[PDB]
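Working notes for the structure below.
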2 protein chains.
Amino acid sequence: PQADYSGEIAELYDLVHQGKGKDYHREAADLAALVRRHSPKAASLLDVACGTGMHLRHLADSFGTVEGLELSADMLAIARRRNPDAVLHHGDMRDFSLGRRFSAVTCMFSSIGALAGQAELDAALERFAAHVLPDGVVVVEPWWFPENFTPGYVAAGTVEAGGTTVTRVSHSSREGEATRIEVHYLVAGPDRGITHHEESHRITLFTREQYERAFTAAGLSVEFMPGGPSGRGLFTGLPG
Amino acid sequence: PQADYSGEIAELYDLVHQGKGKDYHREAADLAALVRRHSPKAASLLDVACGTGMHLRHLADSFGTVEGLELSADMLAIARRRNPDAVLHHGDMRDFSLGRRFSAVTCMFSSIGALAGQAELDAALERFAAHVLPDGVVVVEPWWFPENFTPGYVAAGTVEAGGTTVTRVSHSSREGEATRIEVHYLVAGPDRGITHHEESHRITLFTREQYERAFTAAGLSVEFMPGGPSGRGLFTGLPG
Ligand SMILES: Cc1cn([C@H]2C[C@H](O)[C@@H](COP(=O)(O)OP(=O)(O)O[C@H]3O[C@H](C)[C@@H](O)[C@H](N)[C@H]3O)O2)c(=O)[nH]c1=O
Ligand SMILES: Cc1cn([C@H]2C[C@H](O)[C@@H](COP(=O)(O)OP(=O)(O)O[C@H]3O[C@H](C)[C@@H](O)[C@H](N)[C@H]3O)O2)c(=O)[nH]c1=O
Ligand SMILES: Nc1ncnc2c1ncn2[C@@H]1O[C@H](CSCC[C@H](N)C(=O)O)[C@@H](O)[C@H]1O
Ligand SMILES: Nc1ncnc2c1ncn2[C@@H]1O[C@H](CSCC[C@H](N)C(=O)O)[C@@H](O)[C@H]1O
C-alpha cells in the first residue's frame, strides 16, 4: 500500500471525503471566524499540508490572499487546478521557508499527525511561527489524543459520481504511539471495469502536552478547544 | 481470481446474496407452487448446483424428500451443515448419475451459465431428464440472453453481520459469448482488520433457442416464463 497520497488515491480524495460528509465550506467559514476572533484584521492565510486545496478554495472568499504548502505533488496538482490564482508551494512542513508571513497559518484535518515524534512536531511548529505575522494566529487541527482514539474502528461508505462507484473501508489499530490506519477502495464504472486500491498511514497519537510543548517552544501561546471540525478539537497559538 | 466458489468466497456467499435482497423462502414457495401446477402429487426434488443449500432448506418444508448436487466442495460443506438430514452429492451437472428419479429437478440462479457451448448445455439437460420422474418437471433458471444482458453493469452493496462489514462490488462486461463478471469484496471488522477478496466468472450468454434445443434434445417439452426469480425468466420441461 501507499502512504504518499499519490496516483489514484490522490484522485479519489475529494470524492470520498465529501461522501463521508466533510464540509469544507462550513469549516472554512468557522476557521475564518476563529481567525478574525484572535486577529480581527486578518487578510492573508497560509494553509500547510493543503492537500487538494479544498479549504483554500473556500478561505479565498474570506481572505484577500491565500497560499498553500503540500508535500505530495499529486495532491498539489489538484489543488493548483482548484486555486489557479494562488501560490501553492511544493514542500515539507518540517523544513520550509517562504520568505513571507501571513495573518494565519493553518494545518487542518490532522495532517500534523504525519510527523514522527516530538522533534518533527517541534520543527513544524517553529516553521508555522516563522510564517505568522506578529498579530496573527496559528491553527492546528490535531490527530486524536491516545486516550480518545478507538482501536478497531471501522469506517465503510460507498458514493457514486459520473458513472463511477467508489467504496472506501478503513480499519485502524494502535501501533506504538500512533494509529495505523489501513484503507482499501474498490472503484467500478461501466467502461473502466473494477479495480482495487489501498493505502496505509501511521498517524501519531501526540498527547495534548506534546502539542503544547511544540507551540511553546516556537514562541506561541497555546489554547486547545475540544470538538472542532473532526471531533479532535483545534489548537490555536499566538506569537509574542 | 478464483472461478470455483471456494474458500472465503464460499463463506461470503449467503451473507452477500441475502444482503442484496435474495429471498430463498419466497423463491422456494414459488418453485414448489410451480412444481405442483405441473405435477400435483410431487414428493421429491433434486436441486442441481445447489450451492449453499439455501433453496433446499426451504424446499424441505414443501417436499417430502430433497437432495442436491454441487461441484464445489466448499459450497457443499455449507449446504450439508444447513441440510444435515438430506443427501447432497459432490458432482458435476454435466455428467452425474444418482440411480434414482425425483418429482422435480431444479437448477437455479443461473448456475446453468457455468456451462459453455451447446454440447455442455445439452448434456446437462439430458442428465436432468435422466433424473426426473415421468410425471415430474425440470426447472432451469437461465443466465441473461445476449439480447437482454446489460454490459457495463455495476452492483455495489454493503451488509453487516456479527460485527463484520462486508462490501461487494461487481463489474460485468460482454466478453464474447459470455458475461465476464468480476467481483471484489472488502471485509472488515474491529478484531479481524480488513481483507480483500476477488472472484471472476464467465457466465455463458446462451440464446433462448439454445436452451429450448437442450430441453428438446433431452426429450422434454419446454416453456419459458419471462421475469422469474432474478429477471432472467425461467424454463420448465416435462418428459414426453
Ligand atoms: C469518529 C472517530 C474516529 N476515530 C479515528 C478512527 C480512524 O483512525 C479515524 C476515522 O477513520 P476514517 O473515517 O476512515 O478516516 P478520516 O476520513 O478521518 O481520515 C483520517 O485518515 C486519513 C487516512 C487521513 O488522510 C486523514 N488526514 C485523517 O483525518 O478516526 C476514533 O478513534 N474515534 C471516533 O469516534
Ligand atoms: C439488474 C440487472 C443486471 N444484469 C446483469 C449484470 C450482472 O452480470 C448481473 C448482476 O450481477 P450481480 O448482482 O453482481 O450478480 P448476482 O447477485 O445476480 O449473481 C450473478 O453472478 C454471480 C457471480 C453468480 O454466482 C450468480 N449465480 C449470478 O446470478 O446481471 C442485467 O443484465 N440486467 C439487469 O437489469
Ligand atoms: N511533511 C509534510 N508536509 C506537508 N504536507 C504533508 C506532509 N506529510 C503529509 N502531508 C500531507 O498532509 C495531507 C494529509 S490529508 C489532509 C489534506 C487537507 N489538509 C484536507 O484537509 O483535506 C496530505 O495532503 C499529505 O500529502
Ligand atoms: N458443472 C457444475 N456442476 C455443478 N455445480 C456447478 C457446476 N458449475 C458451477 N456449479 C455451481 O453453481 C453454483 C452457482 S451459484 C448458484 C448457487 C445456488 N443454486 C443458489 O441459488 O444460491 C455454484 O455453487 C457453483 O459451484
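Going through the C-alpha cells in order, the chains are called A, B, and so on, while each chain numbers its residues from 1 and the ligands are numbered from 1 in the order shown.
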
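Inspection of the environment of ligand 3, which uses only C-alpha atoms and all ligand atoms and a cut-off of 6 Å, identifies the neighbouring residues as residues 5, 49, 50, 51, 70, 71, 72, 75, 92, 93, 94, 108, 109, 111 and 114 of chain A.
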
Secondary structure check, strand (DSSP E or B) residues of segment 99-135 of chain B, as a PDB file with N, CA and C atoms, in the first residue's frame:
```
ATOM      1  N   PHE B 102     -36.742 -38.066  -9.341  1.00  0.00           N
ATOM      2  CA  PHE B 102     -37.343 -37.118  -8.408  1.00  0.00           C
ATOM      3  C   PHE B 102     -38.544 -36.493  -9.122  1.00  0.00           C
ATOM      4  N   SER B 103     -39.559 -36.051  -8.384  1.00  0.00           N
ATOM      5  CA  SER B 103     -40.666 -35.262  -8.941  1.00  0.00           C
ATOM      6  C   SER B 103     -40.213 -33.956  -9.619  1.00  0.00           C
ATOM      7  N   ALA B 104     -39.137 -33.345  -9.133  1.00  0.00           N
ATOM      8  CA  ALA B 104     -38.665 -32.062  -9.672  1.00  0.00           C
ATOM      9  C   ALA B 104     -37.159 -32.119  -9.720  1.00  0.00           C
ATOM     10  N   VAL B 105     -36.589 -31.647 -10.823  1.00  0.00           N
ATOM     11  CA  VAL B 105     -35.166 -31.449 -10.830  1.00  0.00           C
ATOM     12  C   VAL B 105     -34.975 -29.951 -11.118  1.00  0.00           C
ATOM     13  N   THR B 106     -34.339 -29.201 -10.215  1.00  0.00           N
ATOM     14  CA  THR B 106     -34.233 -27.751 -10.399  1.00  0.00           C
ATOM     15  C   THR B 106     -32.781 -27.353 -10.606  1.00  0.00           C
ATOM     16  N   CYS B 107     -32.570 -26.161 -11.143  1.00  0.00           N
ATOM     17  CA  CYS B 107     -31.183 -25.703 -11.281  1.00  0.00           C
ATOM     18  C   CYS B 107     -31.334 -24.203 -11.348  1.00  0.00           C
ATOM     19  N   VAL B 132     -35.574 -37.149 -13.651  1.00  0.00           N
ATOM     20  CA  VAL B 132     -36.940 -36.694 -13.383  1.00  0.00           C
ATOM     21  C   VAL B 132     -37.887 -37.895 -13.511  1.00  0.00           C
ATOM     22  N   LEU B 133     -38.841 -38.038 -12.603  1.00  0.00           N
ATOM     23  CA  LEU B 133     -39.974 -38.979 -12.775  1.00  0.00           C
ATOM     24  C   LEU B 133     -40.894 -38.633 -13.961  1.00  0.00           C
ATOM     25  N   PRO B 134     -41.638 -39.639 -14.467  1.00  0.00           N
ATOM     26  CA  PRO B 134     -42.350 -39.445 -15.717  1.00  0.00           C
ATOM     27  C   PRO B 134     -43.468 -38.432 -15.612  1.00  0.00           C
ATOM     28  N   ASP B 135     -43.970 -38.216 -14.404  1.00  0.00           N
ATOM     29  CA  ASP B 135     -44.964 -37.175 -14.245  1.00  0.00           C
ATOM     30  C   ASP B 135     -44.382 -35.940 -13.535  1.00  0.00           C
TER      31      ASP B 135
END
```

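Between atom CA of residue 29 of chain A and atom CA of residue 156 of chain A the interatomic distance comes to 27.9 Å.
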
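Considering the residues A:2, A:167, A:52, A:216 and counting only C-alpha atoms, chain B has its shortest atom-to-atom contact with A:167.
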
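Close contacts of residue 143 of chain B, defined as residues with an atom at most 8 Å away when counting only C-alpha atoms, with chain neighbours fewer than 4 positions off set aside, comprise residues 109, 110, 111, 112, 113, 203, 204, 205, 206 and 232 of chain B.
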
Run DSSP on the backbone of this structure and report the residues of segment 11-69 of chain A it assigns to alpha helix (DSSP H), as JSON, numbers by chain. {"A": [11, 12, 13, 14, 15, 16, 17, 18, 19, 20, 24, 25, 26, 27, 28, 29, 30, 31, 32, 33, 34, 35, 36, 37, 38, 54, 55, 56, 57, 58, 59]}

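Set the cut-off at 7 Å, count only C-alpha atoms, and the residues of chain A near chain B turn out to be residues 152, 153, 154, 171, 188, 189, 190, 191, 193 and 194 of chain A.
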
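With only C-alpha atoms taken into account, the protein and nucleic acid residues at most 12 Å from residue 79 of chain A (excluding it and anything under 5 positions from it in its own chain) are residues 10, 11, 13, 14, 47, 49, 50, 51, 52, 53, 54, 55, 56, 57, 67, 68, 69, 70, 71, 72, 73, 74, 84, 85, 86, 87, 88, 89 and 90 of chain A.
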
Would you kindly return, as JSON, numbers by chain, each protein, DNA or RNA residue with an atom no farther than 9 Å from any atom of residue 127 of chain A, considering only C-alpha atoms and excluding same-chain residues fewer than 2 positions away? {"A": [93, 94, 95, 96, 97, 122, 123, 124, 125, 129, 130, 131, 132, 218]}

What does the distance from atom CA of residue 16 of chain A to atom CA of residue 159 of chain A come to in Å, to one decimal? 7.1 Å

I need the residue nearest ligand 2 from this list: B:174, B:81, B:58, B:101. Use only C-alpha atoms and all ligand atoms for the distance. B:174

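All residues of protein, DNA or RNA that reach within 10 Å of residue 231 of chain A, judged by only C-alpha atoms and not counting those fewer than 3 positions away in the chain, are residues 141, 142, 143, 144, 148, 226, 227, 228 and 234 of chain A.
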
Pull C-alpha atoms from the residues just selected and write them as a short mmCIF file (atom, residue, chain, number, x, y, z; two decimals), in the first residue's frame.
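Listing of selection-v5.cif after writing:
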```cif
data_model
loop_
_atom_site.label_atom_id
_atom_site.label_comp_id
_atom_site.auth_asym_id
_atom_site.auth_seq_id
_atom_site.Cartn_x
_atom_site.Cartn_y
_atom_site.Cartn_z
CA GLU A 141 -6.16 20.52 13.96
CA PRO A 142 -4.54 17.67 15.95
CA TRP A 143 -4.91 13.94 15.45
CA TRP A 144 -6.80 12.12 18.32
CA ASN A 148 -9.60 9.34 22.82
CA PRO A 226 -12.41 20.30 22.09
CA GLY A 227 -14.84 19.41 19.29
CA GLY A 228 -13.76 21.35 16.17
CA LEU A 234 -8.34 22.65 17.42
#
```

Quick one: everything within 10 Å of residue 30 of chain B, counting only C-alpha atoms, minus sequence neighbours fewer than 6 positions away in the same chain. Send it as an NGL selection string. :B and (24 or 36 or 59 or 228-229)

Emit the selected residues as a PDB file, in the first residue's frame, including N, CA and C atoms.
```pdb
ATOM      1  N   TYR B  24     -34.882 -16.638  -0.518  1.00  0.00           N
ATOM      2  CA  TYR B  24     -34.964 -18.037  -0.939  1.00  0.00           C
ATOM      3  C   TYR B  24     -36.227 -18.667  -0.374  1.00  0.00           C
ATOM      4  N   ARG B  36     -46.012 -28.067  -8.304  1.00  0.00           N
ATOM      5  CA  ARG B  36     -47.313 -28.705  -8.143  1.00  0.00           C
ATOM      6  C   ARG B  36     -48.311 -28.440  -9.277  1.00  0.00           C
ATOM      7  N   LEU B  59     -37.224 -25.656   0.518  1.00  0.00           N
ATOM      8  CA  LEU B  59     -37.945 -26.654  -0.272  1.00  0.00           C
ATOM      9  C   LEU B  59     -38.260 -27.881   0.595  1.00  0.00           C
ATOM     10  N   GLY B 228     -39.284 -14.128 -13.670  1.00  0.00           N
ATOM     11  CA  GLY B 228     -38.721 -15.164 -12.811  1.00  0.00           C
ATOM     12  C   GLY B 228     -37.973 -14.597 -11.624  1.00  0.00           C
ATOM     13  N   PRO B 229     -37.190 -15.460 -10.958  1.00  0.00           N
ATOM     14  CA  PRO B 229     -36.667 -15.091  -9.642  1.00  0.00           C
ATOM     15  C   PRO B 229     -35.708 -13.936  -9.741  1.00  0.00           C
TER      16      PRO B 229
END
```

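Put simply, atom CA of residue 61 of chain B is 11.6 Å away from atom CA of residue 45 of chain B.
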
Using only C-alpha atoms for the distances, tell me which of B:119, B:149, B:23, B:76 is nearest to residue 211 of chain B. B:119
